Each structure stands twice: as structure tokens, then as C-alpha cells.
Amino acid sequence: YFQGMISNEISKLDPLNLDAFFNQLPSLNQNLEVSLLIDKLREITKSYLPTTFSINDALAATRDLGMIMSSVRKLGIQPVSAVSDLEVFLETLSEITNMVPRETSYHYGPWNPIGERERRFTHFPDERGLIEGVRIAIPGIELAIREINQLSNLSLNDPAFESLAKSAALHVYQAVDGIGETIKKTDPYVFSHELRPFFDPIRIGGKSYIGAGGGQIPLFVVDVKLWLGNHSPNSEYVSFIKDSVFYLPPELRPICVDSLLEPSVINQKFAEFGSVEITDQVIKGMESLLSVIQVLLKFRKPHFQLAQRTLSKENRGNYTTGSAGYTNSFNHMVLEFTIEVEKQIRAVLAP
């Protein structure tokens, strides 16, 4: 009962009439023009009644208001503390979106218009590497989620299982396309120095909300359904996912929650494999699961490398963490998790 967060219906809206302002935002930020930032926040709280907004209006308004707030926070000022009327404006908006009162990578990517209206913090072309990265990744991962969700109720011997899993790996490849756009467009040093500071936490109604981040693409939702399940309860990754659930669009929360409380597909299919008549289609089915896992590795291995060149002493600037407060050890932990799964499947397929 959440369906219908359609990206092009949100990307096209300018509910707070900020299109002109966003063409100036990169120069406002370059020149440290905090006063114009505060003015615009003040103007917004007096110019609009957010209770009047449709759901799509509020999503797009969160995107735009969030990025102005992020630009204030960049300089070191908590924007809700400086503009106290924001707090009820952000309360009203999140009642409608049933999402956090802050922009996430959904707002920064798929819900961010292509072309002249594209919302950007800076004039640096490196910023386009992040935006295109998540704009490409997210719709593909979402498609993969719905496909992997259907694997639980299909038999390994059913060729519909193999086809579904193959569609999922192809959809996940969009995350691979996306990090490749980043690697080719975003210099690590420019990231740490020019872009990362727009992704810091903001205090809203007595709680801190992290900035938008690539880690907010719903890839962890693929992981929990596909291989993590309820199998590593006190793990660091489970704690990250736990902290991420209510950042997700509402439509994805049930899938994530159910999956954290259930055996994973691969654990379920490892049992069916070594307990039923192993046929040629059954091997294809099992091989389609290793295909998905191997596509996840084609994202995580170059991601780890880019994060390592960025967080090196040479390039890291004032930061040792991503927006969610972790170092590259966390990326190493997810990649080693995924490598272990690939190892296990290969071992089950060895004869």
C-alpha cells in the first residue's frame, strides 16, 4: 500500500520556484554567500504552505530545500538552528512524504532533473560523477529487488527461476555502469575537498540526519534478500542496514524488514540444491545466483579502489569517512562478505 514514487513525475517539478536559484547556487557556494542562503530558507518558510502539497510536490520540495540546507551546513552552521521556522516546515513535509526531512541519493539522482534544471552544489564537473552514478544505479537496483523477491517462490528446476535471476544480474549491472561513470568523472582529490563537505549531518527536531550518500542506493536491500538474511545478527552491516531502513522510500521498507527476518534466497536454495534431484536446469538456476553475486562484485571491487584513492593521506582532505560515518574498512567488510558467498556457491557447484 505504498506504490507509485515515479522519478520523472518528481524530477520535472519545481514546487518552491527554485529553478533560477539553482542556476546560481554553485556561484553562491563558491563565494561563501551564506546570507543569500539563509534569506532563501526564510523566504521559503513564509512563501509556501507545505500542507497544501501533493506527495510528489513534497518529495521534490524535500530535494530542493534539503540541498539548500546542506549548503548552509557545509559552511558549519546548523540551518535549522539558524532558521528556526524550518523545523515545522520540515515536520509538515515529512508527514506527507513519510520520509526523513532531508534529501537522500534518491532526491540527488533519479528525482533530480536531467539537463539545465539539474540541481548541483558546485560548478565542478566532478560532481556530475556522483549524480549520474546514483541516477543510473537506483532504478536498475529497484528492478532487481522485485525480481530477486520472486526467486523464493520458484524452483531451481523451473527455468523461470533462471530467467528471473538473469534479469536481476542485468538490472544490477546498472550499478556497475554507474560507478564507472563516477570513476571516469570524479577526481578523488576534488571529491574530498570540494564535494564531500555538502554531505554532512543536520540536526532536525532533536535528531541528526546524515547527508545524501551512494550507500543509500538500495543495494543493501538486494544483499539482505539475496545472501545476508537473518544469518549474521550482530554484524556491523546489519547495524548499517538497520540505520538505513527508514531513509528508504516507504515502498521498500517492508521488503527490507521481511528480508532481515527470514533466511536468504541463497541459504534457502543451498538447501533445495543438496536435497532435490539435481538436473541440468537446476545447475543453471544455481549458476544464475552466482551470476548476480558476480555482478555485485563488479560494482564493489572498483568502488573499494576509488574509495581507497580518495581516503588516502594524499587525497582525503578534512575527512576520514563517508556520509554515514564509516571508513573504507566498512566497504572492505561488505566486499569480503560478497566474496565469501561467491566462494560458497562455487563450492556447491564443484561437481
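The first residue of the shown sequence is 1; numbering continues from there.
**Student:** Averaging the C-alpha B factors as listed in the entry, name the stretch that ends up higher: 151-159 or 101-109.
**Tutor:** Between 151-159 and 101-109, it is 151-159.
**Student:** Comparing average C-alpha B factors as deposited, tell me which of 194-202 and 259-267 sits higher.
**Tutor:** Per the deposited B-factors, the answer is 259-267.
**Student:** In the PDB entry, which of 132, 280, 126, 118 has its C-alpha at the highest B-factor?
**Tutor:** The listed residue with the largest C-alpha B-factor is 280.
**Student:** Considering only 321, 29, 305, 45, which residue's Cα atom bears the greatest B-factor as recorded?
**Tutor:** Of 321, 29, 305, 45, 305 has the highest C-alpha B-factor.
**Student:** Just say lowest, middle or highest third for the CA B-factor of residue 166 relative to the other modelled residues in its chain.
**Tutor:** Middle third, going by the recorded CA B-factors of the chain.
**Student:** Quick check for you: using the entry's CA B-factors within this chain, is residue 288 in the lowest, middle or highest third?
**Tutor:** According to the entry, residue 288 has a C-alpha B-factor in the chain's highest third.
**Student:** Can you tell me which third, lowest, middle or highest, the CA B-factor of residue 73 falls into for its chain?
**Tutor:** Answer is lowest: the recorded C-alpha B-factor places it there.
**Student:** Could you look up the Cα B-factor of residue 56 in the entry and say which third of the chain it sits in: lowest, middle or highest?
**Tutor:** Lowest third, going by the recorded CA B-factors of the chain.
**Student:** What third of its chain's C-alpha B-factors does residue 185 belong to: lowest, middle or highest?
**Tutor:** Ranked within chain, residue 185 CA B lands in the middle tercile.
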